[PDB]
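Quick note: the coordinates plus some simple rules give every number you see, no bench work behind them. We place every Cβ from the backbone using ideal geometry, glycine too, and count neighbours over all the protein chains shown.
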Amino acid sequence: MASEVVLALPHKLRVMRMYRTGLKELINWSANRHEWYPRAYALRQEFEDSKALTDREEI
Amino acid sequence: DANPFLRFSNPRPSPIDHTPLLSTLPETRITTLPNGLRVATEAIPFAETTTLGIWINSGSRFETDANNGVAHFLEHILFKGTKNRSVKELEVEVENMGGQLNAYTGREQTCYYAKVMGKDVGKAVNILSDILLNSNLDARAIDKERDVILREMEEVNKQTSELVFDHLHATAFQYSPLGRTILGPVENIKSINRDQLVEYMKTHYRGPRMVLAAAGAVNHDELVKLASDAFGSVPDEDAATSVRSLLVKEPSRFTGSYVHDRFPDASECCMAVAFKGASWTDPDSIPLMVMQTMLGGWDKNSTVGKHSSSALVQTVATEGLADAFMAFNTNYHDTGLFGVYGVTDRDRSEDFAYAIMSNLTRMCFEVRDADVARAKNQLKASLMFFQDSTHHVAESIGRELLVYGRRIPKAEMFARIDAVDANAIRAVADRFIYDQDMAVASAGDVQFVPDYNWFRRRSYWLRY
Amino acid sequence: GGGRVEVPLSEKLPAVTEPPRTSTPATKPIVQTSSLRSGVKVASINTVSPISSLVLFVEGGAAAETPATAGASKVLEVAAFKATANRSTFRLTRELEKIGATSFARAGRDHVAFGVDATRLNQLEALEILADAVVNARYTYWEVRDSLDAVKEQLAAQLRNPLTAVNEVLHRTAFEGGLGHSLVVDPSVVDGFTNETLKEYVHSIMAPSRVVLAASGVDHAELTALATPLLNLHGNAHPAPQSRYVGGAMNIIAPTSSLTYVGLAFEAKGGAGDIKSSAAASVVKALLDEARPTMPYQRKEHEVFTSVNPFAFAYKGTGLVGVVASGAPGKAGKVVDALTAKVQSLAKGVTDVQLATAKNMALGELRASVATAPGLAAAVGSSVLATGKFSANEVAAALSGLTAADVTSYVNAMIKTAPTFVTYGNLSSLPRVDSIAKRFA
Amino acid sequence: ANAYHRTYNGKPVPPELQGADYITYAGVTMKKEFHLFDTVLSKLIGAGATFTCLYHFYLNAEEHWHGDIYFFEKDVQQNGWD
Amino acid sequence: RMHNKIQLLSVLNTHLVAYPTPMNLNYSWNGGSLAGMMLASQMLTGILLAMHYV
Amino acid sequence: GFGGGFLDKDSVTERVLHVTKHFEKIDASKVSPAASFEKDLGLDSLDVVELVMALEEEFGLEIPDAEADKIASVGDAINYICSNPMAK
Amino acid sequence: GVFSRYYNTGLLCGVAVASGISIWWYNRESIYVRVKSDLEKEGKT
Amino acid sequence: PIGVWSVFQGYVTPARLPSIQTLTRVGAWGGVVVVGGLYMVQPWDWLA
Amino acid sequence: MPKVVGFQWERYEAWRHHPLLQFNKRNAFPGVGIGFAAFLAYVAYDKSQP
Amino acid sequence: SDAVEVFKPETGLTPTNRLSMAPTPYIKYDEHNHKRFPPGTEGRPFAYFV
Amino acid sequence: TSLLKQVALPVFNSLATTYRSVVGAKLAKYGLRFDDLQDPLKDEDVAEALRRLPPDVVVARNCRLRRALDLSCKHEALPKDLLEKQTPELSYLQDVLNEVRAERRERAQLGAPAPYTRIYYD
Ligand code: HEM
Ligand code: HEM
Ligand SMILES: CCCCCCCCCCCC(=O)SCCNC(=O)CCNC(=O)[C@H](O)C(C)(C)COP(=O)(O)O
Ligand SMILES: [Zn+2]
């Protein structure tokens, strides 16, 4: 779970900061940027599987 | 044995498969607007009438101590004139579409709806949006309704069952938001004004908490267009002020307690005993529905009460313990209530109390399979009867989108009901009933009602 | 444990509607009617609803009662669906409660109706239970003797409402013959009742040409094929006391009535048989609707009235359209004057907006009566018993095709006919009866 | 014919094919039936096999829990050699 | 309900279980039960002593 | 019984219709005798193959590949079944 | 059939545990000594 | 007419008889009286 | 993550899970209880006491 | 049924009539002899162990 | 075994007729019928079946019972002219009691108890 300030972020901004911090952590767990590239591509793709979601409960 | 009069039917309770009834049941379409408001329709193929309205995830729970009673006062004020239509203009326009407007305000849910014909869908949408968004909230009408509410409060003008249930909610949910009455105290009515009504509607009547549900003869795309034109201007909701954050911030608490409201020269003796039940999202809520069907209900205008399937109905009808009774299963967002309410007099109140307690505790130990099959069939048949009236279809659409988050299909509901057996009933009764605290409420001639220790002792058996 | 699936989450895949949808029908279903070889008429209408309703309409009611069998229809409402030749009361109650079905017995002023409502999967069980409880009923001594008490409190509670008493006395004053008999009788009328009285009444009212089987959401060929061996009835048609409209006036003395009730009525010519006259009478009933509660907590204030309640009953061959208005005990003459002024202003002409509003109110009532399956089955059965056909489409066409000139002519012809006048309450203020029935002349 | 009847298309299940003798699931009906001789003979044979195994085992449980080496060395040490 | 079927259960229930009593009784209202218990004690110990006294 | 190893037209039609409605895209009222798969029911080639396999299961048939390729509508499948002495 | 990596982990753990059991078995005292010691324990009851 | 008259008339069916769970819960009182007697007498290590 | 594509088959033959089309544990080991009772009686009659 | 015809109360804003029309969730018990636990305290009571 | 069933049938019928004749000859000296021997305090099915009767039948039964008890107190019998009119095998309670017992049998096969209890006087 995020912090209370992040809880106050707009849905768009909340998801944006989520993805940004996820990339940051993947760098943090990465051995190298070179290792981070395919992880970055996969992380981008995973969000792409959720682009067309409408039901706010499942979102 | 009669050949034609004795086939096809027998009194042995057997499970019935309701699967072929699912082939022709209609489908629900849901569209979410950018406002956050969901538009959900269910088209019945040859319907001539339409029920449509606005269901709101708000009510008396989400008020404060200072403005308790604002949501109930809102349905007194809202139909008294808008900024675009007067009282007579609204009356004429509603009369010409041949329907009636109606409103209910619960502890957690509010609806304003219209039962019209199929040709008056857009007019009903426009009228409902006009009262909801552009109301006058005139101070003269507020003063004209305050005195009437104060007179009916001074007269104690209330139903007996509503009086008992309000006492029950007040003593079972002490120091939590669910213990307040919908009506509110006398002082808040004596000091109500237009500002509190405006602030309540501005805070709580927002996009993610509102469902526009229509059933009967209605097209989904046209209702989407009409709702985007009319209800498109409702404010969105902050993430910090959602319904879940308010539920977390002020949670429900159950306290085992006792209250009676004694009157010096009353005739009846109404009483309710409830246990802490399940919330709406608990998967044990379906067995509680089956158990409530197993307990049933009865009133003395029926004469076949001695041939009932339910043992509690049989006991009360045969021995004449009560004039009427009913088992209830109330579900809220984070708690619930399960129990029996009945009307008796002072000489039969203890025996009725014993019958209630003995039949509640008996479900933990001995449950036969015939009763469970009978109650499952009766509950599925009761669910099919609600599908016959478009008002109940629209009410169920609004309620299910507000409190489950989704429209539960009929196949899933039948499958969840059919998964209940006698072991599940024994387990759920053991979880909720056995050796637990209960809440007791009574009103009227209640000098012979047993105290709390008598009720607490009879929640368990010393012989097993 | 058992199922632990949260209801916000979907339950597992075997909670599917894998049984596919039946294709919907091309057109709105029509009413199909026929007659059994015993003479019982069977009419049914198919629906897409999952509820099947079966109702049995028998000519009778208060119109078929005698002074010996007085109040037998009200007793038959309670004593129905009890022990038959094939089943006991316990077995019938358990067979109804096993499939979740509900039963009713409902007595009108010219008919008695028995019905069972169930789901579409148990229509054979509902039909068999209904036919066995109607045809082969026993009416034992002890069951009728024990039901008489509950009959007495149900009649005593139904007579607490002054509108029921005003309706009874109005039907007594308006008609001579069958329709003038009392439906909601006094409790002391049935004090000497026995099962022989009920058996005599049932033997009088039952005949194959006076029984109609109506069904909603049931296939017609299947229903006739499976109800032919069940509704093979025998018996003789007891003579019917045909009623005639004569008018007049009466009074009621009520010792502790806090208000005072005044009834005014006229005859709807043609009864339920004429579509256009019944439609015009329904439009007149809607035009007399002064305070219709279309909104919550709305306070329409009248100068004199406390309540206005019109009606339009359409029996066989004759009807009774009118209005009942309350008022203060000291303002009863003002209530009479205001009612006469309202009927006279109706006779002076209706103005477009009122005509459209009353037509929409009548159409809304007509369509909301047949919205559910039991209401549709009751409407089909009553219309077939009274006329021989169901004509809701023709009634809607008659309601929509009504002009203001036709309604004005209808009210003008109504006010020429002699009216019916009934008062109620601790009557301590009243204009004289000769001047009461003069304002329409 | 087939002990299982299939209905298809949500057809109304035949009334003659309903009752305690018919149990339906997913619109498909199966019959609750019992066979006397079959069940009795099955019980007899199963009981015979079970008792055979139980009694043979109880006669030879020591020669299983401990080893033959262990049991017979125990007998030799405790109950003589000759 | 079960004490309604036997007389001895009904008398015992009425006079020992469900007998109404003032709620403000203090400990000065315990002398009667103590006197009854002391009578029962005297009877038991006396019956036991009578098997050895001559 | 009936048929020289062949079943009736009517039960075949009913079984085919009952099998046909097992798709999310399918509205029930549009399934009828001799119905186009692609043009009417809007089912892809994968759906047609799945329906062929499902009907093979329902009637217990091992359809030859060319005959399966000939199957492109409801009526064709029904008439093919009405030619099979090996269908149960 | 089925592909359970849990089965693989179980196989490996069982291999290790049974190797340890074999090692435990290798150093045990004589069966004669064990029986005589138990008879000492059986002679004091 | 309580006793053998109830079974002669056919009032004792497979139904209205106690269930297996009811008989087990009643049958669990057999250990209580055994433990109570062993507590009262205390014949320690008396089992053969 | 949608899975309902192309004639979902689980639901098509879900009728195969008919309770009377299942593996009955009531008669899985018939006669075993009587055999156990007989073995117990034989043991108590022969080996235990005498 | 209505409470005016069944319970037949006195008319007025007496202390009993105020709680009859709108009961309060802030029930105050007497705490001279026993102090209450916090409301909504769950769990099987410790008095069984004692 | 239905063969031997029908076989006892006539022996059972013969002993039943002989018993009924002897007891009815004993019964008619007090004016009693066979149905007058059944006691509501002894049998709750009789107590329920007696509640289902019209009141004139109950009055006639109570009169016969009081007449027989008076005769027993007097150690006398009926006069011969009155004794010749007695019909001790005339049934007034048999069909009602049979239907009550059939109802109690039908309820017991589904698990339901009887809707009437024993009679308690306390
Ligand atoms: C074996 C001797 C006695 C027994 C077992 C006995 C028993 C009882 C009991 C159980 C009560 C009810 C509660 C109570 O007040 O403690 C009672 C009350 C009473 N007893 Fe005693 N009692 C005995 C002797 C006496 C004597 C010797 C007297 C007076 C000379 C007496 C006078 C009373 C009175 C007046 C009451 C009623 C007091 C009240 O309820 O306020 N009793 N007795
Ligand atoms: C069924 C009831 C009783 C029986 C059988 C009984 C029997 C006896 C016997 C056999 C003795 C002589 C043994 C001895 O001296 O230790 C004795 C002594 C005595 N008993 Fe009881 N007794 C009964 C009840 C009572 C009661 C109700 C009282 C009431 C005050 C009482 C007061 C005494 C006294 C004062 C003595 C003399 C004790 C002494 O100083 O040694 N007894 N009793
Ligand atoms: C044990 C498993 C062994 C391996 C099995 C093989 C697994 C590999 C599968 C992956 C490779 C493919 O999908 S093979 C690639 C298939 N897709 C295409 O070729 C592009 C679309 N071209 C078309 O012509 C039509 O759309 C078409 C969809 C073909 C027809 O559908 P319709 O006629 O309705 O229109
Ligand atoms: Zn309110």
- Query: Which pairs have Cβ atoms under 8 Å, sit 6 or more apart or on different chains, and link a residue in the stretch C:173-202 that is within 24 Å of C:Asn236 (Cα to Cα) to one that is hydrophobic (A, V, I, L, M, F, W, C) and part of a loop (DSSP other than H, G, I, E, B)?
  - Reply: C:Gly178/C:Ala240; C:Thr197/C:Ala68; C:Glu200/C:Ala68
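In the stretch K:26-56, how many residues are in contact (Cβ under 8 Å) with a residue 24 or more places away in the chain, assigned to a helix (DSSP H, G or I) and more than 20 Å from K:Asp95 (Cα to Cα)?
Keep residues of the stretch K:26-56 that are in contact (Cβ under 8 Å) with a residue 24 or more places away in the chain, which gives K:27-36, K:38, K:40-41, K:44-50, K:52-53.
If we keep only those that are assigned to a helix (DSSP H, G or I) as well, we get K:27, K:35-36, K:44-50.
Those left that are additionally more than 20 Å from K:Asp95 (Cα to Cα): K:27.
Counting residues in the stretch K:26-56 that are in contact (Cβ under 8 Å) with a residue 24 or more places away in the chain, assigned to a helix (DSSP H, G or I) and more than 20 Å from K:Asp95 (Cα to Cα) gives 1.
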- Query: Inside the stretch H:6-48, can you point out the residues that are within 10 Å of another protein chain (Cβ to nearest Cβ) and loosely packed, with under 11 Cβ neighbours inside 10 Å?
  - Reply: H:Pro14, H:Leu17, H:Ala28
- Message: Just to be sure I understand, how many residues within the stretch J:15-49 are of a type in the set (S, T, N, Q) and either more than 17 Å from B:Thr255 (Cα to Cα) or not in a loop (DSSP other than H, G, I, E, B) (or both)?
- Response: 4
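What do you reckon, is E:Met23 more than 16 Å from ligand 2 (Cβ to nearest atom) and of a type outside the set (S, T, N, Q)? Write out each step before concluding.
Values: more than 16 Å from ligand 2 (Cβ to nearest atom): yes; of a type outside the set (S, T, N, Q): yes.
Taking the combined requirement at face value, the residue satisfies it.
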- Message: Testing C:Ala85 on (1) within 24 Å of the chain's Cα centre (by Cα); (2) farther than 24 Å from B:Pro15 by Cα; (3) at the interface with chain B (Cβ under 8 Å from one of its Cβ atoms), one condition comes back false. Which one is that?
- Response: (1)
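Okay, residues lined up against (1) surrounded by 14 or more Cβ atoms within 10 Å (Cβ to Cβ); (2) closer than 30 Å to G:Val35 by Cβ:
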position	(1), (2)
D:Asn2	no, no
D:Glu16	no, no
D:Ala20	no, no
D:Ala26	yes, no
D:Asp38	no, no
D:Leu41	no, no
D:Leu44	no, no
D:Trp65	no, yes
D:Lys74	yes, yes
- Item | Segments classed as helices (runs of 4 or more DSSP H), wholly inside chain A, with at least 2 members that are at the interface with chain B (Cβ under 10 Å from one of its Cβ atoms) and closer than 18 Å to B:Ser242 by Cβ | A:4-7, A:11-29
- Item | Residues within the stretch F:47-87 that are farther than 24 Å from I:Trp15 by Cβ and out of contact with any helix residue (DSSP H, G or I) (no Cβ under 7 Å at 6 or more places or on another chain), tallied | 8
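Report yes if B:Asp451 is surrounded by fewer than 19 Cβ atoms within 10 Å (Cβ to Cβ), within 30 Å of H:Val33 (Cα to Cα), more than 25 Å from the chain's Cα centre (by Cα) and among the acidic types (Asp, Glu), otherwise no. Steps first, answer last, please.
Details: surrounded by fewer than 19 Cβ atoms within 10 Å (Cβ to Cβ): yes; within 30 Å of H:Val33 (Cα to Cα): no; more than 25 Å from the chain's Cα centre (by Cα): yes; among the acidic types (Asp, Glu): yes.
No: the conditions fail for B:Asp451.
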- Are any of the residues in the stretch B:402-418 away from chain C (no Cβ under 11 Å) and assigned to a helix (DSSP H, G or I)? yes
- Output the number of the condition that C:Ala362 fails; it satisfies all remaining conditions of (1) assigned to a helix (DSSP H, G or I); (2) more than 30 Å from C:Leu259 (Cα to Cα); (3) under 23 Å from the mean Cα position of the chain (by Cα). (2)
- Task: Go through E:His3, E:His15 for me and flag whichever is touching a helix residue (DSSP H, G or I) at 6+ places or on another chain (Cβ under 7 Å), more than 16 Å from ligand 4 (Cβ to nearest atom) and part of a helix (DSSP H, G or I).
- Result: E:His3
- Considering each of F:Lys30, F:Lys39 in turn, give the residue that is over 18 Å from I:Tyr12 (Cα atoms), among the charged types (D, E, K, R), within 14 Å of chain C (Cβ to nearest Cβ) and surrounded by fewer than 15 Cβ atoms within 10 Å (Cβ to Cβ). F:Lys30
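Matching residues to (1) surrounded by fewer than 12 Cβ atoms within 10 Å (Cβ to Cβ); (2) in a helix (DSSP H, G or I); (3) among the charged types (D, E, K, R):
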position: I:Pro2; (1), (2), (3): yes, no, no
position: I:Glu10; (1), (2), (3): no, yes, yes
position: I:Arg26; (1), (2), (3): yes, no, yes
position: I:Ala38; (1), (2), (3): no, yes, no
position: I:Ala41; (1), (2), (3): yes, yes, no
- Query: Before we move on, is B:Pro235 away from ligand 2 (no atom under 16 Å from the Cβ) and either within 30 Å of B:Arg38 (Cα to Cα) or buried (at least 16 other Cβ atoms within 10 Å of the Cβ) (or both)?
  - Reply: yes
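Go through K:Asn62, K:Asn98 for me and flag whichever is under 15 Å from the mean Cα position of the chain (by Cα) and under 30 Å from B:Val313 (Cβ atoms). Explain how you work it out, then say what you get.
Values: K:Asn62 fails: under 30 Å from B:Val313 (Cβ atoms).
Within the list K:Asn62, K:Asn98, the selection yields K:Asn98.
Residue-wise test of (1) more than 10 Å from chain I (Cβ to nearest Cβ); (2) in contact (Cβ under 8 Å) with a residue 24 or more places away in the chain.
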{"position": "D:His5", "(1), (2)": "yes, yes"}
{"position": "D:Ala49", "(1), (2)": "no, no"}
{"position": "D:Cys53", "(1), (2)": "no, no"}
{"position": "D:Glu73", "(1), (2)": "yes, no"}
- Message: Name the single residue that is nearest to K:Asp95 (Cα to Cα) among those in the stretch C:94-143 being of a type in the set (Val, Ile, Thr) and over 25 Å from the mean Cα position of the chain (by Cα).
- Response: C:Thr140
- Restricting attention to the stretch D:14-34, does a residue exist that is under 24 Å from I:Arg11 (Cβ atoms), under 25 Å from the mean Cα position of the chain (by Cα) and not aliphatic (A, V, I, L, M)? no
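Every residue in the stretch A:14-30 that is over 17 Å from B:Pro208 (Cβ atoms) and among the aliphatic types (A, V, I, L, M), please.
Within the stretch A:14-30, the subset over 17 Å from B:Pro208 (Cβ atoms) is A:16-30.
Scanning the stretch A:14-30 gives A:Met16, A:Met18, A:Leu23, A:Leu26, A:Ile27.
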- Item | Any strands (runs of 3 or more DSSP E) falling wholly within the stretch B:254-362 and containing at least 2 residues that are polar (S, T, N, Q) and touching a helix residue (DSSP H, G or I) at 6+ places or on another chain (Cβ under 9 Å) | B:324-331
- Query: If you take the residues in the stretch F:44-69 that are of a type outside the set (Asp, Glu) and loosely packed, with under 13 Cβ neighbours inside 10 Å, which one is farthest from ligand 2 (Cβ to nearest atom)?
  - Reply: F:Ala66
- Task: Could you list all residues from the stretch B:373-394 that are in contact (Cβ under 8 Å) with a residue 24 or more places away in the chain and in contact with a strand residue (DSSP E or B) (Cβ under 7 Å, 6 or more places away or on another chain)?
- Result: B:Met384, B:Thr390, B:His391, B:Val393, B:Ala394
- Hey, could you check the stretch B:167-185 for residues that are out of contact with any strand residue (DSSP E or B) (no Cβ under 9 Å at 6 or more places or on another chain) and in a helix (DSSP H, G or I) and say which is surrounded by the most Cβ atoms within 10 Å (Cβ to Cβ)? B:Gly179
- Item | Those residues of the stretch B:41-81 which are within 12 Å of another protein chain (Cβ to nearest Cβ) and outside any loop (DSSP other than H, G, I, E, B), in sequence order | B:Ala43, B:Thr49, B:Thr50, B:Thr51, B:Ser60, B:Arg61, B:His72, B:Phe73, B:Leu74, B:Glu75, B:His76, B:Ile77
- When you go through (1) surrounded by fewer than 19 Cβ atoms within 10 Å (Cβ to Cβ); (2) more than 11 Å from every other protein chain (Cβ to nearest Cβ); (3) touching a residue at least 40 places away in the same chain (Cβ under 8 Å); (4) not hydroxyl-bearing (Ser, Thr, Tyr) one by one for B:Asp195, which number turns out not to apply? (3)
